[PDB]
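Novice: Before I ask anything, here is the structure I am working with.
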Amino acid sequence: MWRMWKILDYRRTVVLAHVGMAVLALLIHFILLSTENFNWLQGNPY
Amino acid sequence: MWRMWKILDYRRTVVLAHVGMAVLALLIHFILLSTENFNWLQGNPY
Amino acid sequence: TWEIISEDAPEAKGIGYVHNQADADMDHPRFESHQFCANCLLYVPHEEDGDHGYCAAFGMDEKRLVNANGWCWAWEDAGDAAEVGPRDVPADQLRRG
Amino acid sequence: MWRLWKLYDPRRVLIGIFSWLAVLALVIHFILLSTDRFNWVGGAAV
Amino acid sequence: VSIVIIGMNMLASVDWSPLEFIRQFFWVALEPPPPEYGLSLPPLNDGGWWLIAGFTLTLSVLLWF
Amino acid sequence: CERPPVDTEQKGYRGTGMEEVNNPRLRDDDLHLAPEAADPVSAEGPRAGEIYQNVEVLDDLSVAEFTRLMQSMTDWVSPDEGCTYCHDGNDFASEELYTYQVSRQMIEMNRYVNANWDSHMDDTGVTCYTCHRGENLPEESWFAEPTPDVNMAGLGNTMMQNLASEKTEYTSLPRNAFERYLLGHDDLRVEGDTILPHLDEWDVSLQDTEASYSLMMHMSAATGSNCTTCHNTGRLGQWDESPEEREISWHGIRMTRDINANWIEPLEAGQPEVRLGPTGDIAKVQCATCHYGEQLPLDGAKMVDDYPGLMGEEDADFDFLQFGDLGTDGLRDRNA
Ligand code: BCL
Ligand code: BCL
Ligand code: BCL
Ligand SMILES: COC(C)(C)C/C=C/C(C)=C/C=C/C(C)=C/C=C/C(C)=C/C=C\C=C(C)\C=C\C=C(C)\C=C\C=C(C)\C=C\CC(C)(C)OC
Ligand code: HEC
Ligand code: HEC
Ligand code: HEC
Ligand code: HEC
Ligand code: SF4
Numbered sequence: 020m021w022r023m024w025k026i027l028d029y030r031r032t033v034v035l036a037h038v039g040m041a042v043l044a045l046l047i048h049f050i051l052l053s054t055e056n057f058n059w060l061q062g063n064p065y
Numbered sequence: 020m021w022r023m024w025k026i027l028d029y030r031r032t033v034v035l036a037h038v039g040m041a042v043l044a045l046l047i048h049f050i051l052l053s054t055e056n057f058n059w060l061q062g063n064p065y
Numbered sequence: 002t003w004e005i006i007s008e009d010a011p012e013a014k015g016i017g018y019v020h021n022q023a024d025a026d027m028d029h030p031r032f033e034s035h036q037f038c039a040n041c042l043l044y045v046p047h048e049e050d051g052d053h054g055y056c057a058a059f060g061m062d063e064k065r066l067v068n069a070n071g072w073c074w075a076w077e078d079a080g081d082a083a084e085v086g087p088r089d090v091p092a093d094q095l096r097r098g
Numbered sequence: 054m055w056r057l058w059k060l061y062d063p064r065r066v067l068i069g070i071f072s073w074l075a076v077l078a079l080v081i082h083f084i085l086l087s088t089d090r091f092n093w094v095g096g097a098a099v
Numbered sequence: 019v020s021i022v023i024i025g026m027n028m029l030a031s032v033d034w035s036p037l038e039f040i041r042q043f044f045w046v047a048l049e050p051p052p053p054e055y056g057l058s059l060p061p062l063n064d065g066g067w068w069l070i071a072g073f074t075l076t077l078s079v080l081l082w083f
Numbered sequence: 018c019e020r021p022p023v024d025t026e027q028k029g030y031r032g033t034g035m036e037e038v039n040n041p042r043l044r045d046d047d048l049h050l051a052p053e054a055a056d057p058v059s060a061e062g063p064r065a066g067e068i069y070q071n072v073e074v075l076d077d078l079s080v081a082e083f084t085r086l087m088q089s090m091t092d093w094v095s096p097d098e099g100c101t102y103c104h105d106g107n108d109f110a111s112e113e114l115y116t117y118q119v120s121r122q123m124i125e126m127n128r129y130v131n132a133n134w135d136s137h138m139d140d141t142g143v144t145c146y147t148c149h150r151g152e153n154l155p156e157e158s159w160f161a162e163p164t165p166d167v168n169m170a171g172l173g174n175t176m177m178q179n180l181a182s183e184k185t186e187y188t189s190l191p192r193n194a195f196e197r198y199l200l201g202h203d204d205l206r207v208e209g210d211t212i213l214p215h216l217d218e219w220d221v222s223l224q225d226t227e228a229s230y231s232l233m234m235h236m237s238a239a240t241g242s243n244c245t246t247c248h249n250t251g252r253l254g255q256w257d258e259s260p261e262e263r264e265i266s267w268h269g270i271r272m273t274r275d276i277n278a279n280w281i282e283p284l285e286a287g288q289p290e291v292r293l294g295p296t297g298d299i300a301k302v303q304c305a306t307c308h309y310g311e312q313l314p315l316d317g318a319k320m321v322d323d324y325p326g327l328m329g330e331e332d333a334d335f336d337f338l339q340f341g342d343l344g345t346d347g348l349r350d351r352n353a
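As you go down the protein sequences, you meet chains D, W, F, Z, V and E in turn. Numbers in my numbering are just positions in the first sequence, counted from 1, shifted up by 19. Numbers in my numbering are just positions in the second sequence, counted from 1, shifted up by 19. Numbers in my numbering are just positions in the third sequence, counted from 1, shifted up by 1. Numbers in my numbering are just positions in the fourth sequence, counted from 1, shifted up by 53. Numbers in my numbering are just positions in the fifth sequence, counted from 1, shifted up by 18. Numbers in my numbering are just positions in the sixth sequence, counted from 1, shifted up by 17.
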């Protein structure tokens, strides 16, 4: 799929991928903190 | 009925159609989520 | 011993206690033509009468027995007392707390 | 339907699709987390 | 720094739930110190974070000036 | 969104903006319908205290009126359960069930408020049905807000605030307003009574002001009122600028505080665990437990006179000023 970079500007796509994955990783980690069974810092029984 | 596209611009009609149909489809799906007999995630009796 | 109550006593007059299901307030709102004293939740049969028994509306008074074919509009179904309590409190927590 | 890409710029269609898919999957995953039955990390029983 | 302090305290008040954060976005806040502290420096979770957020916000607007 | 027509009433002088606007299409019309009272049975013959083995509250009622009261209470609090909701099967002299002890307290409380709180309820009085409306539980009770013993070095300490709550009518206002005023007797006044400050005599904080605000949020929605029906908000702390509703609802606060502190909270010990709130407390009365969003509970229907047994004797100790207002003689030790 090297042709994908003749459509999508690779420089902008790389930056927006890192920015987007930053939001998603922070969001998923925060969601796990909010749950009782997956907050590793709280240490509730599973 | 192809003559419809000598009247409207077909390119923008299709883009407008997708946005309108997306808004309507989310409207209907959310409305069913608010009803009791058609909230498939809630699973109330029918 | 176990005197039977008077149908003309004020306690009976007040609740319409009648020795027979016939001659009752058949036009009273609370009334089905199957309610007898024996069918009443408030009725405890007497050990040695055969035809009478205690009535909880009369404080289970020994000298205020009721005929098993009687009726008053205080009748309640003996089909109750099967289930006791709020029907959503578990039985473990129902008694005392 | 190959002519669809002679009309609509491939980059804008793919960006539009990707934005819709990202928002939609986020919204579906969030809706599931909001329900008692399909909150997979809330760990409820059915 | 001010926005991070306010945002993290806002998020912490809803038990770190991003969903509950959106649900409560208009309602959450970094709360000022309770009256008993007067003008002293209160503990972080009793208005201390508010005082730091207010101090850095004041500094940023003054530097922006 | 709503739409016209809306019912409007004038609460103050023309042009003051003191008006009530109501949506007639938002009223339930079934929750507020008073049950049809039973026919008056005879009050002759011996009293209930002479007939019944275990009667402590309804001693001075006839046998007929005692059973009429018992059937009425069954319809009011547990129609779908029957007499065995409170009574242990066929042994009506038994006090085993917690609902029996609670209901015995509920009769004593119903008699107490009907005999001493005409300063609020006038002549209408209340019945088991005013609060229960045909349910085992009043739909409109409250529990204490949980107190989590904050970290003191962590983050996100809401001081009972900053969360949308149905207690505060979806404001970010303090959520513990009921505990402070409807069970406790904390001061509700926020306005200084002078033109110039005396900060060492009157220094109410804005947090205390928002707590009194949050109680007012409730007292408005709980009676289908708004701030204007009890106040001229331009001059909020002026009693002579307020309608007589403010004086009535003043006693409604002290009566609700009386109900919670002296009659409801003593019942907390013997409640089942399923019934208690998150803190482990008993459900308590707020303004909507009787009003359910209407100024006159059950459309102001006077039900008390139809049922002898729910009216007590006017206590010689009653003050209505001994609930946190110059004295605490009408409140027990605990409160909250
Ligand atoms: C306790 C363990 C948690 C968990 C905790 C975490 C944490 C913490 C992280 C991840 C991250 C990831 N997890 Mg995980 N994850 C769990 C369960 C899942 C399940 C599942 C069906 O159960 C799936 C499919 C995933 C998938 C993923 C990936 C999207 C991602 C890792 C990158 C990758 O490998 O790309 C493979 C995927 C693809 C190549 C296609 C998908 C990629 C696209 C671009 C992302 C779209 C996501 C979309 C918006 C839906 C999000 C749903 C969320 C619940 C919000 N997880 C369980 C519930 N997961 C990381 C992340 O968020 O990266 C940014 C991360 O930091
Ligand atoms: C309530 C009972 C049923 C149910 C009853 C129905 C009924 C009835 C219908 C659907 C339909 C749909 N349902 Mg359903 N559905 C249910 C629950 C779901 C759930 C869920 C999470 O539970 C999901 C994800 C769906 C999803 C769907 C979709 C597949 C479909 C709506 C298509 C649409 O939006 O048209 C709107 C059009 C769009 C959104 C187009 C937008 C898409 C693209 C990606 C936009 C990109 C923009 C682009 C760049 C612009 C240029 C494009 C050019 C052409 C190049 N349903 C429940 C279980 N559902 C409908 C259907 O079948 O349609 C075919 C339908 O009639
Ligand atoms: C989700 C839709 C995307 C979008 C996706 C696409 C796709 C796919 C294509 C274009 C194409 C074009 N877009 Mg574009 N484009 C958008 C909106 C705009 C707007 C504007 C200010 O509204 C302008 C001036 C343009 C300009 C252009 C032209 C350069 C080009 C041809 C005109 C056209 O087809 O318009 C169509 C667009 C509109 C008429 C505007 C629609 C406005 C919508 C209703 C509001 C924004 C949508 C939002 C994300 C969700 C809406 C929900 C609510 C209803 C608001 N786009 C929005 C942001 N655009 C085409 C191209 O590449 O030419 C070769 C093409 O194939
Ligand atoms: C988790 O979040 C992340 C990190 C992802 C980012 C998100 C952040 C978000 C969403 C933040 C949201 C912020 C919002 C919505 C904030 C809302 C702010 C509002 C509405 C503020 C409004 C008014 C606030 C005022 C006016 C504050 C005034 C405080 C002042 C002026 C404080 C002054 C304090 C001083 C000068 C401190 C003195 C300290 C000294 C040194 C004197 O003490 C000894
Ligand atoms: C409002 C001030 C009330 C009046 C008047 C009466 N009751 Fe009540 N009752 C009230 C509350 C707030 C509660 C607690 C509800 C909860 O969620 O815990 C109760 C509770 C009872 C109960 C116990 C129900 C149960 O736990 O299952 C009973 C049996 C009961 N009330 C009976 C009762 C009767 C007979 C009344 C009239 C004489 C009566 N209540 C009046 C509030 C109020
Ligand atoms: C009647 C049911 C009321 C409604 C509706 C509202 N208020 Fe009220 N308010 C009411 C009373 C009886 C009192 C006196 C309380 C006391 O025990 O002294 C109050 C008091 C206030 C105050 C305190 C003012 C002061 O005396 O210093 C404020 C600030 C206040 N009320 C505000 C307020 C607002 C904003 C309301 C609408 C949301 C509102 N009240 C409604 C009775 C009633
Ligand atoms: C049940 C025991 C009640 C509680 C708790 C509260 N209220 Fe009440 N209120 C109640 C009755 C029976 C009545 C009389 C109805 C009638 O027809 O006269 C009232 C009256 C009021 C009023 C006056 C309404 C008017 O005169 O138009 C107000 C303003 C009022 N109630 C408000 C109110 C508030 C704010 C309460 C909580 C603090 C409250 N009430 C509690 C019954 C009961
Ligand atoms: C809870 C709300 C009750 C329901 C429902 C019913 N009863 Fe009751 N009953 C209740 C209490 C709290 C008491 C104690 C009375 C007191 O003042 O202390 C009673 C008492 C009786 C009695 C007297 C029994 C005796 O003391 O010997 C009888 C006969 C009685 N109750 C009958 C009765 C019937 C027939 C009911 C169903 C319709 C019924 N009760 C319901 C509380 C409650
Ligand atoms: S109350 Fe019951 S037991 Fe007593 S007379 Fe009536 S039906 Fe018979």
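Ideal placement from N, C-alpha and C gives every residue a C-beta, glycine not left out.
Between residue 39 of chain D and ligand 4, is the CB less than 7 Å from at least one heavy atom?
Specialist: no
Novice: Could you work out which residues of chain Z lie near residue 51 of chain D, taking near to mean beta carbons separated by less than 7 Å?
Specialist: In chain order: 94.
Novice: Measuring from the CB of residue 71 of chain F, is there a heavy atom of ligand 9 at a distance below 7 Å?
Specialist: Flag set: Cβ of residue 71 of chain F near ligand 9.
Novice: Below 9 Å on C-beta distance, what does residue 46 of chain D contact in chain V?
Specialist: By Cβ distance, chain V contributes 36.
Novice: Just to confirm the assignment, what range does the alpha helix (DSSP H) spanning residue 133 of chain E have?
Specialist: It spans 115-133 - the alpha helix (DSSP H) in which residue 133 of chain E sits, taken as one unbroken run.
Novice: Around the C-beta of residue 39 of chain V, are 16 or more other C-beta atoms found within 10 angstroms, so that it is buried, or is it exposed?
Specialist: buried
Novice: Does ligand 9 have even one heavy atom less than 7 Å from the beta-carbon of residue 67 of chain F?
Specialist: yes
Novice: Since residue 105 of chain E meets chain F, which of its residues come closer than 7 Å, beta carbon to beta carbon?
Specialist: 85
Novice: Go through the segment 140-174 of chain E residue by residue and report every complete run of the alpha helix (DSSP H) that reaches 4 residues or more, in order.
Specialist: 145-149
Novice: Any C-beta of chain E sitting closer than 8 Å to the C-beta of residue 62 of chain V?
Specialist: yes
Novice: Return no unless some Cβ of chain E is closer than 8 Å to the Cβ of residue 20 of chain V.
Specialist: no
Novice: Please name the residue or residues paired with residue 40 of chain F in a DSSP beta bridge.
Specialist: For residue 40 of chain F, which the question treats as bridged, DSSP gives no partner whatsoever.
Novice: Note down, in chain order, each residue of its chain lying with its Cβ closer than 8 Å to the Cβ of residue 90 of chain Z, except the 5 sequence neighbours on either side.
Specialist: 97, 99
Novice: If we require 4 or more residues per run, which alpha helix (DSSP H) segments fall completely within the segment 173-207 of chain E?
Specialist: none
Novice: Helix or strand or just coil, what does DSSP make of residue 66 of chain V?
Specialist: helix
Novice: Within the 8 Å Cβ cut-off, does residue 1 of chain F reach chain E?
Specialist: Since the first residue of chain F shown is 2 and the last is 98, residue 1 of chain F is not available in this structure.
Novice: What whole-angstrom Cβ distance do residue 144 of chain E and residue 320 of chain E have, given they're in contact under 8 Å?
Specialist: Correct: roughly 5 Å between the Cβ atoms.
Novice: Work out the CA separation of residue 72 of chain F and residue 327 of chain E for me, nearest whole Å.
Specialist: 27 Å
Novice: Counting C-beta neighbours from all protein chains within 10 Å, is the total for residue 83 of chain F 16 or more, i.e. buried, or is it exposed?
Specialist: exposed
Novice: Suppose the cutoff is 7 Å on Cβ atoms and the five residues either side in sequence are ignored; what does the same chain contact list for residue 112 of chain E look like?
Specialist: 71, 118
Novice: Kindly indicate if chain F contains any beta-carbon less than 8 Å away from that of residue 173 of chain E.
Specialist: no
Novice: Is it true that the segment 326-345 of chain E meets the segment 266-285 of chain E, where meeting means three or more beta-carbon pairs spaced less than 8 Å apart?
Specialist: yes
Novice: To which residues of the same chain is residue 161 of chain E closer than 6 Å at the C-beta, ignoring the five residues directly before and after it?
Specialist: 196, 296, 298
Novice: Could you tell me which residues DSSP pairs with residue 5 of chain F in its beta bridges?
Specialist: F:66
Novice: Beta-carbon of residue 91 of chain F versus every beta-carbon of chain E: anything under 8 Å?
Specialist: yes
Novice: Since residue 46 of chain F sits in a beta bridge, which residues does DSSP pair it with?
Specialist: According to the DSSP secondary-structure assignment, residue 46 of chain F is paired through a beta bridge with F:54.
Novice: Looking only at C-alpha atoms, which of E:34, E:40, E:170 sits nearest to residue 23 of chain E?
Specialist: Per the Cα distances, E:40.
Novice: Going along the chain, which residues of its own chain have a beta-carbon closer than 7 Å to the beta-carbon of residue 61 of chain Z, five neighbours each way excluded?
Specialist: none
Novice: Determine the extent of the alpha helix (DSSP H) in which residue 246 of chain E is found, giving its start and end residues.
Specialist: Counting along the chain, residue 246 of chain E sits inside the alpha helix (DSSP H) bounded by residues 244-247.
Novice: Suppose the cutoff is 7 Å on Cβ atoms and the five residues either side in sequence are ignored; what does the same chain contact list for residue 53 of chain F look like?
Specialist: 5, 47, 66, 67, 68, 69
Novice: Evaluate the contact criterion for the segment 24-38 of chain V versus the segment 171-179 of chain E: three or more CB pairs, one atom per stretch, below 8 Å.
Specialist: yes
Novice: Less than 7 Å between the CB of residue 72 of chain E and some heavy atom of ligand 5, yes or no?
Specialist: Flag unset: Cβ of residue 72 of chain E not near ligand 5.
Novice: My assumption, with CB atoms under 8 Å, is that residue 303 of chain E sits in contact with residue 199 of chain E. Please give the rounded CB distance.
Specialist: 6 Å
Novice: For residue 54 of chain D and residue 45 of chain D, I'd like the C-alpha separation in whole angstroms.
Specialist: 15 Å
Novice: Spell out whether any CB of chain D is found under 8 Å from the CB atom of residue 65 of chain Z.
Specialist: no
Novice: Does ligand 4 have a heavy atom nearer than 7 Å to the CB of residue 22 of chain V?
Specialist: yes
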